[PDB]
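Top line first, the protein sequences correspond to chains C and A.
Every position in the first sequence, counted from 1, becomes a number in the entry's author numbering once 818 is added.
Every position in the second sequence, counted from 1, becomes a number in the entry's author numbering once 614 is added.
Using N, Cα and C, we set each Cβ at its ideal position, and we do this for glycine too.
Beneath this line is the structure, given in structure tokens, with notes to follow.
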Amino acid sequence: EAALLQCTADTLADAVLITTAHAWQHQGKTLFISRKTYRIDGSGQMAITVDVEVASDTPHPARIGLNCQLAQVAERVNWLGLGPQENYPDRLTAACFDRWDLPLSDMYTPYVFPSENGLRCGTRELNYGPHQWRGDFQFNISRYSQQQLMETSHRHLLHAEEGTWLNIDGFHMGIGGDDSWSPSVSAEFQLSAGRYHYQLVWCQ
Amino acid sequence: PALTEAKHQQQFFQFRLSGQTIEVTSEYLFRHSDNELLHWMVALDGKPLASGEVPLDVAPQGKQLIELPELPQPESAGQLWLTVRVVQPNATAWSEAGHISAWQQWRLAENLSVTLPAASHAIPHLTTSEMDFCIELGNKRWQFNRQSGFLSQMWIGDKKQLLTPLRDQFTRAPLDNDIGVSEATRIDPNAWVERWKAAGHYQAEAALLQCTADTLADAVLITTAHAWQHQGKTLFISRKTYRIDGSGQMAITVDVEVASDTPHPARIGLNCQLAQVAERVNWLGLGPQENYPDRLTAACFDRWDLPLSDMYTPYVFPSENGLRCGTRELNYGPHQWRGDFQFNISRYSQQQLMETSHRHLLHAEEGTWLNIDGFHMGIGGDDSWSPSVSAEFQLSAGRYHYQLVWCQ
């Protein structure tokens, strides 16, 4: 559960600055701390800086990023980054950096057993409807929330939720696969650094 | 300093931690551990909390499981560290009594700090002239030159603290491994120092992109941006934020972009010439001896306190020296820096070290030169006549971020 530590608004010479800090706790143990800065300038762009601390004794998290449910449902997804197919940090050698444009359905991989799917790494720009995000991030975008994917045992039982779920990650753990009955994600693809930083620019 | 790394890597006892038990493996082939005592210590960010001693009784190529008592679980913020050392109680033909032969360190549980900072009532005051921004709080003063974009001076009372402004640094005085066989008569283009020189890293000029001052509810915010260029090519871009709050602390955030086609820089950090010359250096981080990212396995995390002279390694051929990595706090005179950084501190500038061929020709400069690095390249050493720094220790990421807190 996220516990709010601070939330302050300041007016600059040409922008409005929002500063927030959160702590994620479970049974009295602080797992993560997130400190953010939102800078909305006169051009309409919202610049987001995120600094996260991860407790060294908790297991390394699967990802470090943001998510939201957009009201928009658009037909196509356009991005500048690795593609066209889904790729993950330890499975991206085949992907090439370019401008890719696919229908929204191609951004979801229909594994028979539903799970996290459809990530695209090394992305510098993403366009969906009127929105554009820029930076250096990994993302997936689909009609299915991570909760529904986690709780659904078969792909035919999935139902498209209202709007579109967007997951933008500064960092994502590898998927492994040397075998499927023991931990197989190599150390260089686990999120073990303890402190993480990433920036995003949200505009229309 | 490399001798300690060799000693640690070559030690005859290997260690593994699983919960509360320590597994000690002997690498002796013939002798029992009949002159060995194991000492363990648990510390929270440098202050001891528990300690003990267990005699070692392990057969050649055998194992011994050591069950630690119920270790302390402090609710205070900080990282718990377990350190073990093997001690020889009895002198030998080749060693004195109490000789340390092996050691190892682990991170135990960590408690992240969620306590809000003390909300002071004082507000730093910003004075804006066409030359500089001046921030004053009590007896402290900060000056940011508006034509250069750097913090140019700092006052405690009426005493200036800086002899040289606080500026980004991307180079180091080249090591023997950086130089290789290259010389003025026979240039080796593949050597790191020659690549850096050809790319203009040592001659790059900072061009100010922006420098803005804003007053917040309880702090003054300075935003700067610089570009380092050489012959029309932008090598690096540095974007910073200085936040001086009512408690007197100056929080610095640095975000640097490195052109992907330029050779990876030796370091990414800041440097300045302090006016202070203090007798001792105290820091929380890896030590006590100098250590570098690819040569820090022997160093242990703790609170270290050494005279300033011990922070300079007198290599006969002068170069970058004396770095200490993994540092969370540094104290020198009245100043304190906090974050997660690498540093070296000495009376000799990187320029003097680079241009001086013998250590006896070095002269102590006025004040003290401080290099605080968010990131530092490895030193290599597989051989000294070709590039030997492995890929995982080169600064190839393209974007870098680090934060510092400067206070008194």
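- prompt: Does DSSP classify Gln624(A) as helix, strand or coil?
  reply: Here residue 624(A) refers to the residue found at position 10 when the second sequence is read from its first residue. Here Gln624(A) sits in coil by DSSP.
- prompt: Do you know offhand how far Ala841(C)'s Cα is from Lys854(C)'s?
  reply: Your numbering for residue 841(C) matches position 23 in the first sequence. Your numbering for residue 854(C) matches position 36 in the first sequence. Those two C-alpha atoms are separated by around 12 Å.
task: For residue 564(A), count neighbouring Cβ atoms within 10 angstroms of its own Cβ and tell me buried if that reaches 16, exposed if not.
output: The structure shown has nothing for residue 564(A), since chain A only spans 615 to 1022.
message: Are the CB atoms of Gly901(C) and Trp918(C) within a distance shorter than 8 Å?
response: One-based indexing of the first sequence puts residue 918(C) at position 100. One-based indexing of the first sequence puts residue 901(C) at position 83. Yes, Cβ-Cβ distance for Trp918(C) and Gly901(C) is below 8 Å.
- prompt: In whole angstroms, what separates the C-alpha of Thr635(A) from that of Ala723(A)?
  reply: Here residue 635(A) is taken as the residue at index 21 of the second sequence, counted from 1. Here residue 723(A) is taken as the residue at index 109 of the second sequence, counted from 1. One C-alpha to the other measures close to 15 Å.
field: Length of the line joining the Cα atoms of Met925(C) and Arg961(C)
entry: Along the first sequence, read from residue 1 onward, the residue named residue 925(C) stands at position 107. Along the first sequence, read from residue 1 onward, the residue named residue 961(C) stands at position 143. Near 10 Å, if we compare the C-alpha coordinates of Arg961(C) and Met925(C).
task: Would you tell me roughly how many angstroms separate the C-alpha atoms of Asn791(A) and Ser1000(A), rounded to the nearest one?
output: Mapped onto the second sequence, residue 791(A) falls at position 177. Mapped onto the second sequence, residue 1000(A) falls at position 386. Taking the straight line from one Cα to the other gives about 8 Å.
field: Continuous beta strand (DSSP E) assignments of at least 3 residues falling wholly in the region 945 to 1007 of chain C
entry: Runs found: 949 to 960, 982 to 990.
query: Distance, Cα to Cα, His646(A) vs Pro674(A)?
result: If you number the second sequence from 1, residue 646(A) lands on position 32. If you number the second sequence from 1, residue 674(A) lands on position 60. Between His646(A) and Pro674(A), the C-alpha separation is close to 6 Å.
- prompt: Residues in its own chain within less than 6 Å of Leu835(C) by CB, not counting five upstream and five downstream?
  reply: Taking the first sequence and counting its residues from 1, the one referred to as residue 835(C) is at position 17. If you ignore the 5 residues before and after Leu835(C), its C-beta comes within less than 6 Å of the C-beta of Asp828, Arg857, all in its own chain and listed in chain order.
query: In angstroms, rounded to a whole number, what distance separates the CA positions of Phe629(A) and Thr848(A)?
result: As a working mapping, residue 629(A) is identified with position 15 in the second sequence. As a working mapping, residue 848(A) is identified with position 234 in the second sequence. Whole-angstrom Cα-Cα distance: 48 Å.
message: With a threshold of 8 Å, are at least 3 pairs of Cβ atoms found where one atom belongs to the region 929 to 939 of chain C and the other to the region 963 to 970 of chain C?
response: With a cut-off of 8 Å, the region 963 to 970 of chain C and the region 929 to 939 of chain C count as touching, because enough Cβ pairs lie within range.
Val891(C) classed as buried or exposed, judged by whether at least 16 other C-beta atoms fall within 10 angstroms: The residue given as residue 891(C) occupies position 73 in the first sequence. It is exposed - the Cβ of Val891(C) has fewer than 16 other Cβ atoms within 10 Å.
- request: Whole angstroms is fine: what's the gap from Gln623(A)'s alpha carbon to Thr837(A)'s?
  value: Sequence index remark: in the second sequence, residue 623(A) carries index 9 (1-based). Sequence index remark: in the second sequence, residue 837(A) carries index 223 (1-based). When rounded, the distance between both Cα atoms is 45 Å.
message: Need the endpoints of the alpha helix (DSSP H) that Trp810(A) sits in, please.
response: Within the second sequence, numbered from 1, the residue matching residue 810(A) stands at position 196. In the DSSP assignment, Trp810(A) falls within the unbroken alpha helix (DSSP H) covering 806 to 813.
- request: Would you give the residue range spanned by the alpha helix (DSSP H) that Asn791(A) belongs to?
  value: As a first step, residue 791(A) must be located in the second sequence, where it is residue number 177. Boundaries of the alpha helix (DSSP H) harbouring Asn791(A): 790 to 793, taken from the DSSP string.
- prompt: Since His844(C) meets chain A, which of its residues come closer than 7 Å, beta carbon to beta carbon?
  reply: Here residue 844(C) refers to the residue found at position 26 of the first sequence. One finds nothing in chain A with a Cβ atom closer than 7 Å to the Cβ of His844(C); even the nearest lies about 12 Å away.
message: Tell me the rounded alpha-carbon separation between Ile680(A) and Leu631(A).
response: In the second sequence, residue 680(A) corresponds to position 66, counting from 1. In the second sequence, residue 631(A) corresponds to position 17, counting from 1. Rounded to whole angstroms, the separation of the alpha carbons of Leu631(A) and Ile680(A) is 10 Å.
message: Quick check on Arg909(A): buried or exposed, where buried means 16 or more other Cβ atoms within 10 Å of its Cβ?
response: For the purposes of this step, residue 909(A) is taken as the residue at position 295 of the second sequence. By the 10 Å Cβ count, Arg909(A) comes out buried.
- request: Report the neighbours of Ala892(C) on chain A: residues whose CB is nearer than 7 Å to its CB, in chain order.
  value: Taking the first residue of the first sequence as 1, we reach residue 892(C) at position 74. Listed along chain A is no residue with a C-beta nearer than 7 Å to that of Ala892(C); the closest approach is about 29 Å.
message: Measuring only the C-alpha atoms, how far is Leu888(C) from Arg894(C)?
response: One-based indexing of the first sequence puts residue 888(C) at position 70. One-based indexing of the first sequence puts residue 894(C) at position 76. Linking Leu888(C) to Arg894(C) through their CA atoms gives a straight-line distance of about 14 Å.
query: Looking at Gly1012(A) and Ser852(A), is the spacing between their C-beta atoms short of 8 Å?
result: Position 238 of the second sequence, counted from the first residue, corresponds to residue 852(A). Position 398 of the second sequence, counted from the first residue, corresponds to residue 1012(A). Cβ distance not < 8 Å, so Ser852(A) and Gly1012(A) don't count as in contact.
task: Give the residues of chain A in contact with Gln824(C), contact being defined as C-beta atoms less than 9 Å apart.
output: On the first sequence, position 6 is the one that residue 824(C) refers to. Going along chain A in sequence order, the residues near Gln824(C) (Cβ under 9 Å) are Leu730.
- request: Say whether the region 940 to 956 of chain C touches the region 974 to 990 of chain C, bearing in mind that this needs 3 or more beta-carbon pairs closer than 8 Å, one atom from each stretch.
  value: Yes: the two stretches touch, three or more of their Cβ pairs being nearer than 8 Å.
- prompt: Between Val1003(A) and the rest of its own chain, which residues show a CB-CB distance below 8 Å, the 5 nearest in sequence each way excluded?
  reply: As a working note, residue 1003(A) is residue 389 in the second sequence. Short of 8 Å from the beta carbon of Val1003(A), and not among the five residues preceding or following it, lie these beta carbons of its own chain, in chain order: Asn791, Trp806, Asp908, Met991, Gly992, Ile993, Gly994.
query: Using a Cβ cut-off of 7 Å, which residues of the region 853 to 879 of chain C contact any Cβ in chain A, in chain order?
result: Correct list: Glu871, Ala873, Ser874, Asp875.
- prompt: Using 8 Å as the limit for Cβ to Cβ distance, is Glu744(A) near chain C?
  reply: Within the second sequence, the letter at position 130 stands for residue 744(A). So no, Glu744(A) is outside the interface.
task: Out of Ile737(A), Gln687(A), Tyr1014(A), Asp746(A), state which residue places its alpha-carbon closest to the alpha-carbon of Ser766(A).
output: Residue mapping note: residue 766(A) aligns to position 152 of the second sequence, counting from 1. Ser766(A) has its Cα closest to that of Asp746(A), out of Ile737(A), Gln687(A), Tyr1014(A), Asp746(A).
Complete runs of the beta strand (DSSP E) confined to the region 735 to 809 of chain A [at least 3 residues]: If you keep only unbroken beta strand (DSSP E) runs of at least 3 residues inside the region 735 to 809 of chain A, you get 739 to 742, 746 to 751, 754 to 759, 765 to 770, 776 to 783.
query: If the cut is a Cβ gap below 7 Å, which residues of chain C does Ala723(A) touch?
result: In the second sequence, residue 723(A) corresponds to position 109, counting from 1. Neighbours of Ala723(A) on chain C, chain order: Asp875.
- prompt: What's the C-alpha gap between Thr911(C) and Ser923(C)?
  reply: Residue mapping note: residue 911(C) aligns to position 93 of the first sequence, counting from 1. Residue mapping note: residue 923(C) aligns to position 105 of the first sequence, counting from 1. Going from the Cα of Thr911(C) to the Cα of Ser923(C) covers about 23 Å.
- prompt: At which residues does the beta strand (DSSP E) containing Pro921(C) begin and terminate?
  reply: Counting from 1 along the first sequence, the entry for residue 921(C) is found at position 103. Following the DSSP letters along the chain, one finds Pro921(C) inside the beta strand (DSSP E) bounded by residues 914 to 921.
- prompt: The beta strand (DSSP E) spanning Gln903(A) covers which residue range?
  reply: For this step, residue 903(A) is matched to residue 289 along the second sequence. No beta strand (DSSP E) holds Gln903(A); DSSP gives it neither H nor E.
field: Whole-number beta carbon distance between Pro688(A) and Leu652(A), since they are thought to touch under 8 Å
entry: Within the second sequence, the letter at position 38 stands for residue 652(A). Within the second sequence, the letter at position 74 stands for residue 688(A). Contact doesn't hold; Cβ gap of about 24 Å is too wide.
- prompt: Using the beta-carbon of each residue, which ones in chain C are nearer than 7 Å to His1015(A)?
  reply: Counting from one through the second sequence, the residue named residue 1015(A) turns up at place 401. Under the 7 Å cutoff, chain C gives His1015.
query: In three-state DSSP terms, what is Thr867(C)?
result: The residue you call residue 867(C) lines up with position 49 of the first sequence. DSSP places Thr867(C) in the strand class (E or B) of the three-state scheme.
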